[PDB]
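Shown next as structure tokens: one chain only, the form deposited in one PDB entry.
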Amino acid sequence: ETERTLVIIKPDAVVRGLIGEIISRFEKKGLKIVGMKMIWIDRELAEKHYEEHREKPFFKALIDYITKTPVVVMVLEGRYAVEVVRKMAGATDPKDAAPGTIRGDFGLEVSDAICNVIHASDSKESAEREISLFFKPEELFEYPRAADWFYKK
């Protein structure tokens, strides 16, 4: 049931100094960070990540947003991590996100793009594609978190 999903702490979150708070939510949930790095995505890489939206009118503004400042890309590993992280993220537009979720607690204001604090892979297929896009195998690790032994099935 263990899966890996990709999260991007977007420019709005980095600029607002929310990197730590976001990471803590994943850590306290029990999710494991197996890869992470601060990078500054250029347009070419951004367009590859959002390739499915290439033909849509909001594409340009989305690329402008994700490349505005450096971001933190990270890979989270855990039981049903893909759907669990999406749930933790909350509704796409922060105004609709429930209190308690990352977007619900930290997001609201928007620019030309719907700034929503973080990106979370929408499926296992997308996660695999996205993780391969941003990380090299040597940048992903297998190691124990403190309580891993407790769950030895």
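We number the residues from 1 along the sequence you see.
Although it is not shown, the form deposited with a small molecule bound is what the next lines describe.
Residue-level question: is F26 within 4.5 Å of the small molecule in the entry with it bound, judged on heavy atoms? Heavy-atom contact with the small molecule at 4.5 Å: absent for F26.
Is there a heavy atom of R54 no more than 4.5 Å from a heavy atom of the small molecule in the entry with it bound? No - in the entry with it bound, heavy atoms of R54 and the small molecule never come within 4.5 Å of each other.
How about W40: is it within 4.5 Å of the small molecule in the entry with it bound, going by heavy atoms? Answer no; every heavy atom of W40 is more than 4.5 Å from the small molecule in the entry with it bound.
Heavy atom to heavy atom, is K68 within 4.5 Å of the small molecule in the entry with it bound? Contact with the small molecule, no.
Partner-contacting position among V84, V34, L45, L62 - heavy atom within 4.5 Å of the small molecule in the entry with it bound: Among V84, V34, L45, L62, a heavy atom within 4.5 Å of the small molecule in the entry with it bound occurs only for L62.
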